[PDB]
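Enquirer: Here it is: the structure, laid out below.
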2 protein chains.
Amino acid sequence: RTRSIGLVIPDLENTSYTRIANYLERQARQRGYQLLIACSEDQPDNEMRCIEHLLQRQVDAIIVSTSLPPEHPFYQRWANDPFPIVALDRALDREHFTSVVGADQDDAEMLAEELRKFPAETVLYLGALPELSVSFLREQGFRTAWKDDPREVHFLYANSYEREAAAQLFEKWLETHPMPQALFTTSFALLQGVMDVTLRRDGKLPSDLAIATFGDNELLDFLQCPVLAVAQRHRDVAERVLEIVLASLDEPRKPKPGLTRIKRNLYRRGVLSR
Amino acid sequence: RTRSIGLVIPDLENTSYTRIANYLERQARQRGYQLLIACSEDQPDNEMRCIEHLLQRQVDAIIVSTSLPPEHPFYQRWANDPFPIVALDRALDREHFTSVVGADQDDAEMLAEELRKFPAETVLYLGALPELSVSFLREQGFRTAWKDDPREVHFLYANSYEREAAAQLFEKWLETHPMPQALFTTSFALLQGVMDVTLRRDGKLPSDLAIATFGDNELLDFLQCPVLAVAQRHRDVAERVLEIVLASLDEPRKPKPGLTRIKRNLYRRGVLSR
């Protein structure tokens, strides 16, 4: 018992990953537990050797944000091992592992519902990679909240969650369609790409546009238009990840396998901050 | 030999701290070294218990960003010990320890003569806590580059490096003086403070004002005025810190004690970005 827990995440650049890591250090410290942060750079072969190293260092448990398809036999080596692997953000096998993931569909609905309360006649939903679970859940949540609404919603789907991708698509789309009055993006990078176009196009960011977005950034408070943004409950998420880790280590018997979801917070920024 | 290195920093919220941490983990793991992050929350008592903890865990070396004043007797317990304690950002005893620190004076000057290149009649230098070494170095650097300049620079000094200290001060100052045409802030938070009033005052952020700042954020690209900002070379700093750690670990002799300064990068944002 080294009184330590490994934490495998893509990087410590993503402020979402870092924030959860921050609240996790602070909490683990407190219970007299050391965090060993091993970064996979989101690569499967990287992730597995990171796992190995934590195992050699006699870590007492690993918290993973996996890069491999959970199915993928790497982790089924511990499917019936009392050694705890607790998953974050990207779920591990629903039947042998507990996983703390976000509530994307509920999140998307909530954000969507709020945005609809805005007078806008042309509303545009910008997203990426419709095939992925996250992309899908968000679109579902959004459709849930707009069904009986009489307006039509244009859907636009970039081939990646990158800002440069989004600018190209939106600029092209502007050729056939006029500027929207309600916007819904499913990642901050996608919202940036749009603004690059709106700024290059108008010389100035909008005041006359309702924006709803995933991710949050306090600098959105300087916008001159209404803005809605959702972000994780980083401390709340850190609490349960760790609470599960110690429940398996200390209690006789492990917590139930399966998923547990934490909702995001809605933040009203831009002109809604005044 | 645990083949591990402790890292004591205030927190994992400070973007500059986290980025250096990111480039440090990834470089340590590659060299086959595990990082253990302990956070001091910037409290001296917290810092010292951390260092105890890292040492009990047979860490091979500590990288510290200390909250103690440079020659404090806590650290002289290792003044002549071959155990490597390497300092980051905030220097340890300049004669028995290596410290990898910024070139605040050089950086401030460089930023300053860049700013002076802009046609602006009323230039204001906003800062905080003039008596601290870092604050002093910045003012020194700035005066160096504006010394022969025939133009007047009113100086303004908040009692803290915080955003609403800045907003109150600048707003109060506006009553007695009209709007500047060049601005120089010594921290991003101070720059935010300004924009809060500039937005509350004008209802829209400026297009007509040359901005120079310490700290950086890519979102500054959307501003409609010229912007210059200076930030650490995170990877560069992480690289040398760790090179010193290993040069200390492997070589029969220690590296020279003392400081080594790494210059910040200049980034041109706002209207300078397009």
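Following the order of the structure tokens, first chain is A, next is B, and so on, with residues numbered from 1 inside each chain and ligands from 1 in the order they appear.
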Identify, on the basis of only C-alpha atoms, every residue whose closest approach to residue 215 (chain B) does not exceed 9 Å; exclude the query and any residue fewer than 4 positions from it along the same chain; express the result as a ChimeraX atom specification.

Expert: /B:16,186-189,229-232

Enquirer: Determine, for each residue of chain A having at least one atom at most 6 Å from an atom of chain B, the closest pair of atoms and their separation in Å to one decimal, counting only C-alpha atoms; order by chain and ascending number, as JSON lines.

Expert:
```
{"residue": "A:12", "atom": "CA", "partner": "B:22", "partner_atom": "CA", "distance": 4.9}
{"residue": "A:22", "atom": "CA", "partner": "B:12", "partner_atom": "CA", "distance": 5.0}
{"residue": "A:36", "atom": "CA", "partner": "B:36", "partner_atom": "CA", "distance": 5.7}
```

Enquirer: Name the residues of region 99-241 of chain A that come out as alpha helix (DSSP H) in a backbone DSSP run; write them as an MDAnalysis selection string.

Expert: chainID A and resid 104:116 133:146 163:176 188:202 234:241

Enquirer: Kindly indicate which residue among A:125, A:268, A:49, A:132 lies nearest to residue 170 (chain A), using only C-alpha atoms for the distances.

Expert: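 The answer is A:125, which sits nearest to residue 170 (chain A).
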
Enquirer: Would you mind listing what lies within 12 Å of region 65-78 of chain A as JSON, numbers by chain, with only C-alpha atoms counted and same-chain residues fewer than 2 positions away left out?

Expert: {"A": [6, 7, 8, 9, 10, 11, 17, 20, 21, 37, 38, 39, 40, 41, 42, 43, 44, 45, 46, 47, 48, 49, 50, 51, 52, 61, 62, 63, 80, 81, 82, 83, 84, 85, 86, 87, 88, 89, 90, 91, 92, 93, 94, 95, 96, 97, 99, 100, 101, 241]}

Enquirer: Can I get the selection written as an mmCIF file, in the first residue's frame, with C-alpha atoms?

Expert:
```cif
data_model
loop_
_atom_site.group_PDB
_atom_site.id
_atom_site.type_symbol
_atom_site.label_atom_id
_atom_site.label_comp_id
_atom_site.auth_asym_id
_atom_site.auth_seq_id
_atom_site.Cartn_x
_atom_site.Cartn_y
_atom_site.Cartn_z
ATOM 1 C CA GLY A 6 -2.254 6.840 -10.580
ATOM 2 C CA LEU A 7 -4.153 9.211 -12.860
ATOM 3 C CA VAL A 8 -3.914 8.602 -16.633
ATOM 4 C CA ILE A 9 -5.238 11.470 -18.765
ATOM 5 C CA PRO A 10 -4.453 12.746 -22.308
ATOM 6 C CA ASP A 11 -2.468 15.894 -21.236
ATOM 7 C CA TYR A 17 -8.500 17.955 -17.524
ATOM 8 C CA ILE A 20 -10.316 18.159 -12.463
ATOM 9 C CA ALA A 21 -6.658 17.218 -11.748
ATOM 10 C CA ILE A 37 -0.061 11.846 -13.086
ATOM 11 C CA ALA A 38 0.857 9.839 -16.211
ATOM 12 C CA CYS A 39 -0.123 11.395 -19.541
ATOM 13 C CA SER A 40 -1.002 9.357 -22.561
ATOM 14 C CA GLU A 41 -1.162 12.179 -25.118
ATOM 15 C CA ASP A 42 -4.332 10.306 -26.008
ATOM 16 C CA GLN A 43 -2.471 7.517 -27.700
ATOM 17 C CA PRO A 44 -3.433 3.829 -27.121
ATOM 18 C CA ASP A 45 0.114 2.391 -27.013
ATOM 19 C CA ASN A 46 1.174 5.342 -24.770
ATOM 20 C CA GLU A 47 -1.766 4.775 -22.478
ATOM 21 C CA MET A 48 -1.033 1.104 -21.940
ATOM 22 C CA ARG A 49 2.635 1.610 -21.032
ATOM 23 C CA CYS A 50 1.573 4.452 -18.731
ATOM 24 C CA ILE A 51 -0.705 1.861 -17.096
ATOM 25 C CA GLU A 52 2.208 -0.578 -16.853
ATOM 26 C CA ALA A 61 -5.422 2.288 -7.886
ATOM 27 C CA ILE A 62 -5.623 3.922 -11.358
ATOM 28 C CA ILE A 63 -8.112 6.615 -12.502
ATOM 29 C CA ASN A 80 -12.433 -9.630 -12.090
ATOM 30 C CA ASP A 81 -9.426 -8.198 -10.156
ATOM 31 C CA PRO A 82 -10.146 -6.400 -6.846
ATOM 32 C CA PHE A 83 -7.527 -3.814 -8.011
ATOM 33 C CA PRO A 84 -9.603 -0.667 -8.721
ATOM 34 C CA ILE A 85 -9.673 0.958 -12.163
ATOM 35 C CA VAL A 86 -12.077 3.907 -12.055
ATOM 36 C CA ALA A 87 -12.903 5.685 -15.272
ATOM 37 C CA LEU A 88 -13.263 9.341 -16.031
ATOM 38 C CA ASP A 89 -15.066 11.071 -18.859
ATOM 39 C CA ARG A 90 -14.718 8.125 -21.326
ATOM 40 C CA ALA A 91 -16.362 5.102 -19.906
ATOM 41 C CA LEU A 92 -14.721 1.754 -19.298
ATOM 42 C CA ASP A 93 -16.561 -1.580 -19.662
ATOM 43 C CA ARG A 94 -20.093 -0.879 -18.161
ATOM 44 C CA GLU A 95 -20.187 -4.257 -16.439
ATOM 45 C CA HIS A 96 -16.923 -4.646 -14.619
ATOM 46 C CA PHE A 97 -15.906 -0.992 -14.012
ATOM 47 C CA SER A 99 -17.186 5.199 -14.569
ATOM 48 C CA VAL A 100 -17.827 8.840 -13.883
ATOM 49 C CA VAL A 101 -18.989 10.490 -17.080
ATOM 50 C CA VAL A 241 -13.941 9.784 -8.830
#
```

Enquirer: Taking only C-alpha atoms into account, which of A:64, A:108, A:31, A:98 comes nearest residue 248 (chain A)?

Expert: A:98

Enquirer: Hey, which of A:104, A:152, A:243, A:113 ends up closest to residue 133 (chain A)? Count only C-alpha atoms.

Expert: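 Closest to residue 133 (chain A), using only C-alpha atoms: A:104.
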
Enquirer: Extract, using only C-alpha atoms, all DNA, RNA and protein residues at most 12 Å from residue 168 (chain B), discarding same-chain residues fewer than 2 positions from it, and format them as a ChimeraX atom specification.

Expert: /B:156-160,162-166,170-175,190,192-198

Enquirer: I'd like the contact shell of residue 109 (chain B) - 9 Å cut-off, only C-alpha atoms, skipping same-chain residues fewer than 6 positions apart - returned as an MDAnalysis selection string.

Expert: chainID B and resid 138:146

Enquirer: What does the distance from CA of residue 123 (chain B) to CA of residue 161 (chain B) come to in Å, to one decimal?

Expert: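 Going from CA of residue 123 (chain B) over to CA of residue 161 (chain B) covers 20.0 Å.
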
Enquirer: Give me the residues within 7 Å of residue 181 (chain A) as an MDAnalysis selection string, counting only C-alpha atoms and dropping any in the same chain fewer than 5 places off.

Expert: chainID A and resid 120:123 209:210

Enquirer: Can I get the selection written as a PDB file, in the first residue's frame, with N, CA and C atoms?

Expert:
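For reference, again19.pdb as written:
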```
ATOM      1  N   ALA A 120     -35.197  34.671 -32.462  1.00  0.00           N
ATOM      2  CA  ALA A 120     -34.328  34.472 -33.580  1.00  0.00           C
ATOM      3  C   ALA A 120     -35.165  33.725 -34.629  1.00  0.00           C
ATOM      4  N   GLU A 121     -35.132  34.179 -35.877  1.00  0.00           N
ATOM      5  CA  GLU A 121     -35.850  33.439 -36.917  1.00  0.00           C
ATOM      6  C   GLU A 121     -34.992  32.405 -37.660  1.00  0.00           C
ATOM      7  N   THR A 122     -33.704  32.694 -37.876  1.00  0.00           N
ATOM      8  CA  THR A 122     -32.779  31.732 -38.476  1.00  0.00           C
ATOM      9  C   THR A 122     -31.808  31.216 -37.407  1.00  0.00           C
ATOM     10  N   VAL A 123     -31.988  29.960 -37.008  1.00  0.00           N
ATOM     11  CA  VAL A 123     -31.172  29.321 -35.974  1.00  0.00           C
ATOM     12  C   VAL A 123     -30.319  28.201 -36.616  1.00  0.00           C
ATOM     13  N   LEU A 209     -26.779  38.559 -31.764  1.00  0.00           N
ATOM     14  CA  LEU A 209     -26.737  37.127 -31.985  1.00  0.00           C
ATOM     15  C   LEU A 209     -26.786  36.390 -30.674  1.00  0.00           C
ATOM     16  N   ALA A 210     -27.747  35.470 -30.558  1.00  0.00           N
ATOM     17  CA  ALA A 210     -27.851  34.615 -29.372  1.00  0.00           C
ATOM     18  C   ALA A 210     -26.925  33.437 -29.546  1.00  0.00           C
TER      19      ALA A 210
END
```

Enquirer: Can you work out the spacing between CA of residue 213 (chain A) and CA of residue 151 (chain A) in Å, to one decimal?

Expert: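 Answer for the CA of residue 213 (chain A) to CA of residue 151 (chain A) separation: 19.6 Å.
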
Enquirer: Kindly give the distance, in Å, that separates CA of residue 237 (chain A) and CA of residue 261 (chain A), rounded to a single decimal.

Expert: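 Result for CA of residue 237 (chain A) versus CA of residue 261 (chain A): 9.1 Å, one decimal.
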
Enquirer: Identify, on the basis of only C-alpha atoms, every residue whose closest approach to residue 211 (chain A) does not exceed 8 Å; exclude the query and any residue fewer than 5 positions from it along the same chain; express the result as a PyMOL selection string.

Expert: chain A and resi 115+182-184+225-228

Enquirer: Counting only C-alpha atoms, which residue out of B:251, B:148, B:262, B:130 sits closest to residue 238 (chain B)?

Expert: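 Going through B:251, B:148, B:262, B:130 one by one, the smallest distance to residue 238 (chain B) is for B:262.
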